[PDB]
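The block underneath contains the structure these notes are about, expressed in structure tokens.
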Amino acid sequence: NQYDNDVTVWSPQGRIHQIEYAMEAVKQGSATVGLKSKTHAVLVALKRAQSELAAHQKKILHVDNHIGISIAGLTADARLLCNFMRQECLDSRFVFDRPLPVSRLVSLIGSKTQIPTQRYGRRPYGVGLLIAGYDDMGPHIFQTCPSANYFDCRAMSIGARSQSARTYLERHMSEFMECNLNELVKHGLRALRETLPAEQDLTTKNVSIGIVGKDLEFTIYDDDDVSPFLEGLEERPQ
Amino acid sequence: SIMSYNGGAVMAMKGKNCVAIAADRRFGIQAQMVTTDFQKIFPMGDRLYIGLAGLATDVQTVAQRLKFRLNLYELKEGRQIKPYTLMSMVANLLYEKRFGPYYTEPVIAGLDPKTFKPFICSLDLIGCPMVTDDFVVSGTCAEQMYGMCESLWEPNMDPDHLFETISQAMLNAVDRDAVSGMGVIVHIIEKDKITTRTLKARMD
Amino acid sequence: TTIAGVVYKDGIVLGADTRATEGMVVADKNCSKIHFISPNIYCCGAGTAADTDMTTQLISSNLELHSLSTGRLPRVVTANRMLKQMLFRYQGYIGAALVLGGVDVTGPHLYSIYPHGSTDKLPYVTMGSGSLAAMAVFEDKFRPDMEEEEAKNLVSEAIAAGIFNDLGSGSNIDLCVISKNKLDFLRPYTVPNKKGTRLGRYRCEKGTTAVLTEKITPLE
Amino acid sequence: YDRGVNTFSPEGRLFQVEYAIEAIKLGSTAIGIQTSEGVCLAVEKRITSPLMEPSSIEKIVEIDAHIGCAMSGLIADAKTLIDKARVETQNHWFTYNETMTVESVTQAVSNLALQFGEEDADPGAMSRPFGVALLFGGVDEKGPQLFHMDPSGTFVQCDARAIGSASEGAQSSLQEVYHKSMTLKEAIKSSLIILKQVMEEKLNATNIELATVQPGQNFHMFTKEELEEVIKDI
Amino acid sequence: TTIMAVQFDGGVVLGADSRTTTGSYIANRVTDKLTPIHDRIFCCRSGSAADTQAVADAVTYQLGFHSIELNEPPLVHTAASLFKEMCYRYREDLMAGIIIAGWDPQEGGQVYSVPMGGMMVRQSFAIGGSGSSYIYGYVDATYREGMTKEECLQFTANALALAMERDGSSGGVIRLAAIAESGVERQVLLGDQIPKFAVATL
Amino acid sequence: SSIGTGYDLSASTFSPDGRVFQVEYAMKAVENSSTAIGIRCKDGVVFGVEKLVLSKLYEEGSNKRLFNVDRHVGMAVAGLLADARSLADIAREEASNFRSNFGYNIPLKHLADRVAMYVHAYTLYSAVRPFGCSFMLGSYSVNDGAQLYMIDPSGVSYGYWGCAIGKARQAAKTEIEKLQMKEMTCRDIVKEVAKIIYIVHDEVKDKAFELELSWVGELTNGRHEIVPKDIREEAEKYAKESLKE
Amino acid sequence: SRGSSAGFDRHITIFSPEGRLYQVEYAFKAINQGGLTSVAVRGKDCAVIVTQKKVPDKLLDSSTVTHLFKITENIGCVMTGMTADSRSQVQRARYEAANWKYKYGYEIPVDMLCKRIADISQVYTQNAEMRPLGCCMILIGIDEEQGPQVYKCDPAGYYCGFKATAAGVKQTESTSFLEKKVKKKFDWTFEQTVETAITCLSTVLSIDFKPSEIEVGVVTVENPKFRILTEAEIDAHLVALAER
Amino acid sequence: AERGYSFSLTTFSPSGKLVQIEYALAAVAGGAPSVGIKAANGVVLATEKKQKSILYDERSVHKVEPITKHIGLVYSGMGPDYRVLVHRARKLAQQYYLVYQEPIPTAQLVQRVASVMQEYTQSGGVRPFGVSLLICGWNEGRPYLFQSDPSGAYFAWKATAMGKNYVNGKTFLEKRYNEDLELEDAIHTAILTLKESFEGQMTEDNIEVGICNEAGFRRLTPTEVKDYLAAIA
Ligand SMILES: *[C@](O)([C@H](C)CO)[C@H](CC(C)C)NC(=O)[C@H](Cc1ccccc1)NC(=O)[C@H](CC(C)C)NC(=O)[C@H](CCc1ccccc1)NC(=O)CN1CCOCC1
Ligand SMILES: CC(C)C[C@H](NC(=O)[C@H](CCc1ccccc1)NC(=O)CN1CCOCC1)C(=O)N[C@@H](Cc1ccccc1)C(=O)N[C@@H](CC(C)C)[C@@H](O)[C@H](C)CO
């Protein structure tokens, strides 16, 4: 209780409680899935709604022509980090006239987000990110945490009840690398839908898709443009 | 020249146990006279006067800031200021603007408030002090004033001979300069009293 | 001005004239150009008067602080470093040519310091508008390890050359002798120039000056 | 026990922000309804004295000729946000020679969300979140639009939304009467009805304020007479 | 001025004139232009006296602290690099032509030039200063690889003598320094010691 | 060895027995991390890291605990990873600045000194908290030699022949002591490193793990490089086989 | 009073009711945490430093384990206490020395160096944002006229010149030894000084060192450069002691 | 990275007491005793310079410090704080001299140093000085003795004492001393009032004395102290 309120205070057990509390912010948001084939990187996000009269929250954001993200946590921090990534990409294009390698952008995210976890009066970024990108090393799915740690993934899921999605993806990793785009998005949608009780399922009103690849810039499908993906899926079990 | 813009003349002379300080009264802009009663001599306390010649603005400004620092000095310390001390004060004040100097050449004349020992000095525009035992001059007609002072000044002058000497020096120097004159004022200061006179002078 | 400095067997002799000019007119007939730095270090100043004054004063002050903290007698190299570094930081905008002389725990030391911040450690140096004449006297009549009076004679001779040959120099000759255990700050070491005596009486008798206004004010 | 203004709860939320959300619940309730014929914003004034001039209580203001805003909570905090919005719209007009989309304005204001803190900050920087909630109703190229924003900075589009003390009840009553095809008159009527329900004082022409933004007409604040003519058909 | 530095096997040889002028007047006919930066690292100064002195002081400071912090004899290339950094950074405010030379346990005898540009280059031998112009030809026709220490000594002596004879800004006395693992052997050639050459008569 | 009545909430506050508990807590954060070892042979330095795998979803080579600080200097980290990465940035920048100022590759002892000073700068104020990681810097040169240094959260820097940091620090040190690295070569050493990693690893409490390996020596022209897949799989085979005795 | 406390006077550098600074004293206790002891002895023509070299691991390049530091070619030092803080203070000392020579044109006196370091420590003593350093510094070197100098500075800001001192765990015992040995008035030669130091440490720890268990810094009038003794020339003194 | 605490560490208690200043005074009344005596033709400062071993070199650090050529200092309390205040005082004096080209009046130096000490009772993130200062000087013919305590307050003294047993020393001076004394007599009664708390054989190295007449300020040599400490001369 005395080691809870500052990010500059180590616990006697070698832990920083503010960082972990910040990590808990990711689980507060709606779940999201990211997976890559060998040609495409795909983000599938479950949009959440307050009431039935409120539109669904944006979960997928455009960063650069070759990079997009899916957020999970505080939308303000998400917008901040997003603008940062956008700025870094623009800088890279301005200086070198070539798109910024995704891994380097992720490294910069790590460096930036690490700073406030070591200064008094500062706080960690209350947001988790799934980054889908394509460069001359192929497609990439990355994950960034409030603890400023980042991971290079074959597949990943973060947020509320994302454990189900994780469990699903962990079985189909081997399938992922050879799937075509439609099958990849399918797998993503199944993983995403696993994080739901049987009384509810995916809809064109509550599902967003972000796709980037060797033949496609990062694009966001939101409403009627999602139907070609949903229509072509199993009935799921109970 | 910037100094010659307003013109003017300031002189100080030493006496027995008295001291003298004089200055012309013309405030003019280049060739036109605006005022005939312009003050160029300011009292920095009892029996201690300063006289500034040069650019009128800097005359007034240096006088005012000097009075500022002086008042603060005589408040912080429970005493009147010594002549040497005032000189160093002015020197510091002027040198603070070493690379953007006030265009005025101050001349200090007074008596030691503790003793009575006469004191005259002059300074640069950047505040280099110069103490003398006879006379000090500053102004557009410095050469004329030097000419008169080098030939009129005697050592131990009484408060009456000192007056006549500094008056003749000022009058006759100023009368050979076009931008100095329109009246001369003389302060002859001694331990007991201060006598202020304005001389009969040319007004052309 | 016309300042010089020499190093002899027991210490250092510093010389300077006393003429200060503004324009081509003598403003000060008796100006002290040999400045106190530390009780064992003195410095002659030539160039912009106020600059030499404030610079020498500042360095003197800093050296007083220095020795106050160290408890020892100040070294000449220290004054030299302070001076040259300050002067160099201002890139010559401080018109201060200097002759720095003093006796240390390491012996006698003489430096010349130019306003741009360069220094020269030499057995004899000259600075000022009359420095060439003085340097001629030095180059003609200097020998290593001179006796005190001999060196005083040499330096005063140099300053004299500056005085009579340079229109920028004039009036008295000031000396400063500094040995391992003596400090002779001889003010008017020589008055080789005298004003001619007045041949007339131009004294104005009381009343010859007409007055328009009078006001007496009593003091205390 | 005191802590920093950027401290996280074990649940994963910022204390100050949550407390600001709690602060909203004490404010005047306001309702915004989106309709293909235009957007409407209504709010109770909560006059605490007969001596208080009710025309000096504005909880509905004009961001720009095509955008209006309704606010609930600590109004003094809202003034700053309003001015920032106006300035943003005008800057955008200056730079691009066009009007701002309602979403862009809402986002711009939402960027001032968690712009508070103690150490490592500017001298004039905010010390605490804004204890206010906003409804942005306006007409752009995407037609009529209504947005909602809370101290968290999370902003989202709504077809119909109620903020303030009577938030929940008014929201239920809104859900009961909203279909994505109402006429603007129906929206105004419903708004005033729910308002009359939730208000403790008798709803009249000087008790509330109503404003509409429609594709053909600029931001319009309803005058006393017009208010009466809508209250008429109670 | 006129400086010079030649590299032999086990070290280097430095040489300079001693004339320091302001205008056409000689403010110091006996300057010491070879300045010690470290135990076995020297530099030859040309250009503004104030500038070169200040820079030399600063580099001595920095290199001293650096060598203490590393607890190793400083590389000559490092001193040359400090000089290079200073002279390049403030190239528009400095008038300095430097020749940094000395001995170093890792690379032996080294000679580097830092001309007014701020560039840096290692050379078998280097000349600088106003007088250097008059000895480019001689130094080109006389240099031979594999010179002994004494051969380099005589070499710089002759070159400097010629330059001083021709250049008005150069003259006075010849200062030489021999740097090797052994240490620093400084000497001064004056009067009849300075090499003389046959002047045309009839 | 356990006081905490307000005396353990800051690095600007000493304990009544003269201790800075924040630093020690950070060290405990280092202790809770997976073990990373590094050993110096006569012809270079080899690094080995027990990189625990938290999920099969993660790509191979993710969360590298082996960094390239300079072209001649490698870095092995243990503990809070973000801090370790930031420290890697600081080390890199220090080496870069040294090159840009002095004109040659930074000596390892100096780099370690500088970075260590930077680390120590965080063990003194309440405005910042000590770094939660320990690390090892390895390098080789012909004029310098083979060198291996280590820095803990307090800012202490030391030169080692063999070193380990993490959970089984002592358990690894006892295994390193058995080796005669003063005579062996980095080629032979890799196998022994992998071996000690597999020995020290606890297959029960901790789940699956990936092994990271790093060269820096005469066999690599002084360049710090990753161990080729061939030699790595060879060393892993040797380790898995040596685990059956 | 007599142990009283109020407010945060035990957490930061503010006054206790009896006018004490608890954080400073705690720093003095932090000096002992290293578990080592250093001894400094001033001779007639030299100055000697000796310190434990506890190297409990064969995995350590024993050449990197040192508490002796060269501040300047003619100024040496030994640090006792928290290692990192010690290295910090050594860096600062080196800076202040180099800067001194740069500004004033002569080598800094040990007196002035120690005074400066102590003056820097005083700030930590008076400001609450930082905490004093858990280390003690002992400087040695030859002064141009005052000859051999051995100074010492505390975390409290206290600095002083000494004929002999010690620091660390067995400080008081070592001082009680040294003053007893000083009162006897011997011919303080080089070997006398070194032997007195080594035997002080030895009879204070009851160990009888191997030549690899201690390290010895030294500075002579005939050779003012700070010199660190090899294992061999330490073993020379060691075997020189076991004869009388 | 570092900045600083911007808030006062010295605040008013409900009773109205600036507690940290009082604790600072508690630190002052705990250090070695120091006496100061103004004596018509000069001033005397004296202090207990009792080390704590034969190993200490008493000829390296001094308690009686000169500020300028005419002003001297002794103290009661903490050494380091005193050292800081000495440096600062010297600097202030040099500033005054640079501006006015006249040696700083003792009262002025006292006031300025007092302002400096006052700062640390209000400025952020700092404690007051645990030091009381006795400042002697010779300005404008008359001799001067001043005291400044941690609060930044200052008083003019004919004679006084600080440190351990400052009350007994104050009554002692109040009785066994008065005006019209010469410098010699003052030194005598100063070493005498210092002896009223010297629990040991008071040697010439156990105490330190500085004098300030109209010929400047200086520290008395151990020899002169030996001559005085012979209970005569
Ligand atoms: C060398 O290069 C050879 C001999 C050829 O020049 C020597 C050796 C060095 C290492 C000392 N260099 C000089 O002799 C050198 C030339 C120089 C002139 C100007 C700028 C930079 C270099 N002489 C000096 O540096 C000399 C130093 C002392 C006075 C001995 N000072 C100057 O030359 C004055 C530079 C100041 C300056 C003037 C104008 C604008 C900016 C800076 N030059 C003067 O004219 C000084 N002064 C005023 C005019 O009448 C004579 C006195
Ligand atoms: C009359 C005395 C009290 C001082 C005299 N002051 C002055 O001459 C000052 C100069 C102020 C200045 C401003 C900016 C930059 C530089 C200087 N002038 C004024 O005060 C008034 N004027 C303003 C406009 O009309 C001309 C002068 C002076 O400095 N004289 C120098 C010569 C000088 C050099 C460069 C610039 C200005 C003057 C001097 O005596 N120097 C001697 C050395 C001493 C004084 C240490 C010598 O060098 C010998 C006498 C040769 O001059």
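Residues 2-246, in that order, are what chain F shows, numbered as in Swiss-Prot.
Quick check of the header: X-ray crystallography, 2.9 Å.
Keep in mind that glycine also has a Cβ here, set from the backbone N, Cα and C atoms.
F:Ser2 (N-acetylserine) falls outside any helix or strand according to DSSP and counts as coil. The local packing around F:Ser2 (N-acetylserine), expressed as other Cβ atoms within 10 Å of its Cβ over all shown chains, amounts to 5. Per Swiss-Prot, N-acetylserine is recorded for F:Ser2, and the stated evidence type is experimental evidence.
DSSP assigns F:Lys57 (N6-acetyllysine) to coil in the three-state reduction, outside any helix or strand. According to Swiss-Prot, the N6-acetyllysine annotation covers F:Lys57 (among others).
The number of other CB atoms found within 10 A of the CB of F:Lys206 (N6-acetyllysine), across every protein chain shown, is 7. Residues or ranges marked as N6-acetyllysine in Swiss-Prot (evidence: a large-scale study or a structure entry): F:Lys206 (among others).
Listed in sequence order, there are no same-chain residues at least 6 apart in sequence whose CB falls under 8 Å from the CB of F:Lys230 (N6-acetyllysine). F:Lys230 (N6-acetyllysine) falls within a helix when secondary structure is assigned with DSSP. According to Swiss-Prot, the feature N6-acetyllysine maps to F:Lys230 (among others), an assignment based on a large-scale study or a structure entry.
If you look up Swiss-Prot, you'll see F:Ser243 marked as phosphoserine, on the strength of a large-scale study or a structure entry. According to DSSP, F:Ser243 (phosphoserine) sits within a helical segment. Counted within 10 Å of its Cβ, the other Cβ atoms near F:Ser243 (phosphoserine) come to 15, all protein chains included.
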Among F:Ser2, F:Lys206, F:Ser243, which are recorded as modified residues, the nearest neighbour of F:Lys57 (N6-acetyllysine) by Cα: F:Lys206
Between F:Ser2 (N-acetylserine) and F:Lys206 (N6-acetyllysine), the C-alpha gap once rounded to whole angstrom: 27
Integer Cα-Cα distance in angstrom, F:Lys206 (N6-acetyllysine) to F:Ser243 (phosphoserine): 21
Within reach of chain H, those modified residues of F:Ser2, F:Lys206, F:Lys230, F:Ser243, CB-CB under 8 Å: none
Proximal to chain A - modified residues among F:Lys206, F:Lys230, F:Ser243, CB under 8 Å: none
For F:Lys57 (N6-acetyllysine), the number of other Cβ atoms found within 10 Å of its own Cβ: 14
